[PDB]
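Trainee:
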Amino acid sequence: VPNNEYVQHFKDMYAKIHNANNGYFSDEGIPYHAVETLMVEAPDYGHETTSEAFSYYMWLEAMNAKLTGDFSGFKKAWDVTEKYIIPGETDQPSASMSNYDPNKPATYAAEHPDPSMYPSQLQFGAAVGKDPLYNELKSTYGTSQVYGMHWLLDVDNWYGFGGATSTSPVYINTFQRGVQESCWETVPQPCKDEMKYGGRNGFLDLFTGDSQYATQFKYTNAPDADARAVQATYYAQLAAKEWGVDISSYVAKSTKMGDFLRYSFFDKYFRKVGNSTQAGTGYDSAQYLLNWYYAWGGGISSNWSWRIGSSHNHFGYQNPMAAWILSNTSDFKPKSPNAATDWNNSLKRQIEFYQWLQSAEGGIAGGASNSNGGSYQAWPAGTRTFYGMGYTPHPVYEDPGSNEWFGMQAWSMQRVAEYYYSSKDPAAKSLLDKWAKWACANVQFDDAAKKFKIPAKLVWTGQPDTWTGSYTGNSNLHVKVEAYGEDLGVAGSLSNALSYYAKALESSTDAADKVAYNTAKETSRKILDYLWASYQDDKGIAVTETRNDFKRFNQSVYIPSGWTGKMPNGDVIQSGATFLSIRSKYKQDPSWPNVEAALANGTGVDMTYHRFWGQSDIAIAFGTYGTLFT
Ligand SMILES: OC[C@H]1O[C@@H](O[C@H]2[C@H](O)[C@@H](O)[C@@H](O)O[C@@H]2CO)[C@H](O)[C@@H](O)[C@@H]1O
Ligand SMILES: OC[C@H]1O[C@@H](O[C@H]2[C@H](O)[C@@H](O)[C@H](O)O[C@@H]2CO)[C@H](O)[C@@H](O)[C@@H]1O
Ligand SMILES: OC[C@H]1O[C@@H](O[C@H]2[C@H](O)[C@@H](O)[C@H](O)O[C@@H]2CO)[C@H](O)[C@@H](O)[C@@H]1O
Ligand SMILES: [Ca+2]
Ligand SMILES: [Ca+2]
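Residue 18 in PDB author numbering is what sits at position 20 of the sequence shown, and the numbering runs on without skipping anything.
This is the structure we're talking about:
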């Protein structure tokens, strides 16, 4: 096993993350989104957590097993995942799941350009296609229940949906009201709406319009997280083979999760791809990318259920490494007969998607949708397309734009790089060559200070050429870096990507590849060296960030006229609500006085955060460099 300073940096970070003093984990052994509680950005409280965090926990532990031969931590990560974030029997009652109708997967409702247009009316007469996965999955696993992670967990019952005296985890959701509903504009709701909290119909009639409402459950996948779980488990299995350890039952968990993850291939209402006013008859509604979500729900008081995909796709979610694992390794072939073939088709489609979205400069553009406006509107003449899906610079969300964050670049291209290293697929080479040149040109080193900045915010203009099968250079698609910053988690991910890219180039004898190898490897190493030299603190590796967006604690929340309800703690929900007015426990937070002062004299809020995923990306980047370059 490698024994160098980068391996040691991993072990030191690993020890920090697991030290009880540092507060990364709950009583249940669940990693929080961040150590710090006052935190709003996708989760809206720091001690919520995400399926993303669980997948990073798996990945962190896989790297530890690789370096130490100890797999106990990895097994633990999967055990807590299955117990707490994959809905169980009381969460998705089998009698409802078994009453699914794959010929009528769900009832159509439009998405809308503003939260004020919700609830959206259920349209029982509108077309919905056939679900071609259900019967195969049911036959394979002997149940109709779904084995996938729900995306958001209230780890210590901060919202109180679990009752006034519990700190056990509660499945919750936030985002419901379309493209303009930012994290500041949601109304948090329990995934199991038993109408005990909220209004007359619980929270249900904020979101969907119907003539009556019954108690029900709803879960929503984050496909990028479930794919990362597969990626992590493959790394653990490589380690298991090296160390002579059997983790086959954990491999089986990941492959089952990857089997259900095929729902992320499908249009929201199983509409034909590129002919989206029409109901699909099966795989003609397969987009074959990792979409923004699949979701499923059903009755509590009576037995019924539904499933949806998503028509929207973001490059930042894709994971060719996961797709390759599930389609081209024997260990991770899923049990459903068609799963490996489906994943092989997704692998090819994903790599095409990255190429299609690659800007003139090299950054990857947003994505594509099968549902213009989220209501299957006609595409404007001249719309640029990918297998019939229209280009979208900012998939799903525009407050802020979902492709403004540079982190998607690092996260997603890390997977392409690891995939290229593993498969040496020539279709990934020019894509990575071009992306890496752009990324490295935008890392700003201060060598005297041993510090750096990387892009924070990206601005997009133009559009790609319609995909005809090969990259065009996309001369009219552009990215500009609008701001630079010190997001250390993203920097860790970027190092990881550059490490795999360089290692993949190591066998090249081409002179230009050798130059690129040196540049990528040195850039990766310097990021790691400067992280270690200059950014360590007691809990991990971190730096202050200014959150000007925290002015939105007083953000108005849309509530329909005449609608009234209450949060579990009694906060009144009615027109005139704000982010803070329905989350009054924020004023009990130890960081609140600082926030309230800041709002008082019009400043951004300075915070130093230890995000679990960020600390994990940094640790894993150390371990990656230390293992690839011995
Ligand atoms: O939604 C994507 C991820 O966002 C992460 O938060 C980002 C945020 O989007 C940026 O605007 C900026 O503030 O940096 C944050 C930290 O990198 C969030 O932590 C992740 O959980 C999301 O997947
Ligand atoms: O209410 C019964 C009716 O619900 C439909 O499911 C809705 C669900 O009510 C709503 O809360 C959720 O957000 O969307 C789904 C979309 O289907 C279901 O499709 C019907 O079969 C069911 O009878
Ligand atoms: O708005 C579409 C869809 O969003 C779902 O939440 C997403 C969230 O937008 C994303 O930031 C996070 O990483 O993943 C979750 C789960 O996919 C929301 O749960 C859906 O109800 C909503 O329709
Ligand atoms: Ca708890
Ligand atoms: Ca908004």
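Note that beta-carbon positions come from the ideal geometry of N, C-alpha and C, so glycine has one too.
1. Could you please go through the chain and list the residues whose beta-carbon is closer than 5 Å to any non-hydrogen atom of ligand 5?
2. Does any heavy atom of ligand 2 sit closer than 7 Å to the C-beta of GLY295?
3. Provide the residue(s) that pair with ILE571 in DSSP beta bridges, ordered along the chain.
4. Apart from the five residues on each side of it in sequence, which residues of its chain come closer than 6 Å, Cβ to Cβ, to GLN353?
5. Do three or more CB pairs link the region 611 to 618 to the region 4 to 22 at distances below 8 Å?
6. Distance check for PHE23 and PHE69, CA to CA, integer angstroms please.
7. Only counting runs of 3 or more residues, tell me where the beta strand (DSSP E) segments fall wholly within the region 193 to 265, in order along the chain.
8. Quick one: what's got a C-beta closer than 7 Å to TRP530's C-beta in the same chain, skipping five residues either side?
9. Quickly, what does DSSP pair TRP403 with across the bridge? List them, please.
10. Do residue 657 and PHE404 have their C-beta atoms within less than 8 Å of each other?
11. Residues in the same chain with beta-carbon distance under 7 Å from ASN101, minus the five sequence neighbours each way, listed in chain order, please.
12. Use the C-beta contact count for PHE122: other C-beta atoms within 10 angstroms, 16 or more gives buried, fewer gives exposed.
13. What first and last residue would you give for the beta strand (DSSP E) that runs through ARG305?
14. On the criterion of 16 or more Cβ atoms from any shown chain inside 10 Å, does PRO591 qualify as buried, or is it exposed?
15. Taking DSSP as the reference, what is the three-state secondary structure of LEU131?
16. If you draw a straight line from the C-alpha of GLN348 to the C-alpha of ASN317, how long is it?
17. Taking the DSSP output, what are the residues bridged to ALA366?
18. Is any non-hydrogen atom of ligand 1 found closer than 7 Å to the C-beta of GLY405, if you look at the structure I gave you?
19. If I measure Cβ to Cβ from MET319 and keep anything under 6 Å in the same chain, skipping five residues before and after, which residues do I get?
20. Using the Cα positions of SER325 and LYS333, report the straight-line distance between them to the nearest angstrom.
21. With distances taken between CB atoms, is the gap from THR206 to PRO117 smaller than 8 Å?
22. Given 7 Å as the limit, tell me if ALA617 has its C-beta closer than that to any heavy atom belonging to ligand 1.
23. Anyone know if the C-beta pair for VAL153 and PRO167 falls short of 8 Å?
24. To which residues of the same chain is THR218 closer than 7 Å at the C-beta, ignoring the five residues directly before and after it?
25. Assuming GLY483 contacts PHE548 (C-beta within less than 8 Å), just tell me the rounded distance between them.
26. Considering only C-alpha positions, which residue in the set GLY27, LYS266, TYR43 and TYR55 is nearest to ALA104?
27. Out of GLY86, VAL(-1), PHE52 and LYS449, state which residue places its alpha-carbon closest to the alpha-carbon of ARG609.
28. With burial defined as no fewer than 16 other Cβ atoms inside 10 Å of the residue's Cβ, what is the status of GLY176: buried or exposed?
29. Starting from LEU475, follow its DSSP beta bridges and name the residues at the other end.
30. Among the residues of its own chain, which have a CB less than 8 Å from the CB of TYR498, if the five just before and after it don't count?
31. Taking all protein chains shown into account, do 16 or more other C-beta atoms lie within 10 angstroms of the C-beta of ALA575, making it buried, or fewer, making it exposed?
32. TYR145 to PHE258, Cα distance in whole Å?
33. Find out if the Cβ-Cβ distance for the pair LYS190, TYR169 is shorter than 8 Å.
34. Quick one: give me the first and last residue of the beta strand (DSSP E) that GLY297 is part of.
35. Near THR165, which residues of its chain fall below 6 Å by C-beta distance, leaving aside the five closest residues on each side in sequence?
36. Put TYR515 into one of helix, strand or coil per three-state DSSP.
Mentor: Taking the definition as stated:
1. Chain-ordered list of matching residues: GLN178, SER180 and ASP397.
2. Flag set: Cβ of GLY295 near ligand 2.
3. Partner(s): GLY563.
4. Here the set comprises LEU429 and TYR469.
5. Verdict: yes, contact present.
6. Whole-angstrom Cα-Cα distance: 19 Å.
7. Correct list: 214 to 218.
8. Around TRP530: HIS7.
9. Residue pairing by DSSP places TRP403 opposite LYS455 in a beta bridge.
10. What is shown of the chain runs -1 to 628, which leaves residue 657 out entirely.
11. Closer than 7 Å at Cβ, skipping near neighbours: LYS128.
12. So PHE122 ends up on the exposed side.
13. Counting along the chain, the beta strand (DSSP E) containing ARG305 begins and ends at 303 to 306.
14. Label assigned to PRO591: exposed.
15. Per DSSP, reduced to three states, the secondary structure at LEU131 is coil, with no helix or strand assignment.
16. Each residue's Cα considered, the two are about 8 Å apart.
17. Paired residues: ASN311 and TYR389.
18. The answer is yes for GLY405.
19. For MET319, where only same-chain residues beyond five positions count, the Cβ hits under 6 Å are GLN229, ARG413, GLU416 and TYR417.
20. The alpha-carbon of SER325 is positioned some 12 Å away from that of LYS333.
21. In this structure, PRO117 lies closer than 8 Å to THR206 by Cβ.
22. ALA617: no, Cβ never under 7 Å from ligand 1.
23. Contact annotation: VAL153 and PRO167 have beta-carbon atoms nearer than 8 Å.
24. Exclusion of the five residues before and after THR218 leaves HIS148, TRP149, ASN171, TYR291 and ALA293 as the residues of its chain whose Cβ lies within less than 7 Å of its Cβ.
25. In this structure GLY483 is not in contact with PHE548, their Cβ atoms being roughly 16 Å apart against a cut-off of 8 Å.
26. That would be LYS266, whose Cα lies nearest to the Cα of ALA104.
27. If we check each option's Cα against that of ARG609, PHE52 comes out closest.
28. Residue burial is scored here from C-beta neighbours: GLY176 has at least 16 other C-beta atoms within 10 angstroms and is therefore classed as buried.
29. According to DSSP, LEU475 bridges with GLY460.
30. Beyond the five residues adjoining it in sequence on each side, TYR498 comes within less than 8 Å, by CB distance, of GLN412, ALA415, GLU416, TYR418, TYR419, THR622 and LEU626 in the same chain, given in chain order.
31. A buried status is given to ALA575, since no fewer than 16 other beta-carbon atoms sit within 10 Å of its beta-carbon.
32. Cα-Cα distance, rounded: 6 Å.
33. Yes, Cβ-Cβ distance for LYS190 and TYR169 is below 8 Å.
34. Its beta strand (DSSP E) spans residues 293 to 297.
35. Here the set comprises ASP154 and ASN155.
36. The three-state reading of DSSP puts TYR515 in helix, counting H, G and I together.
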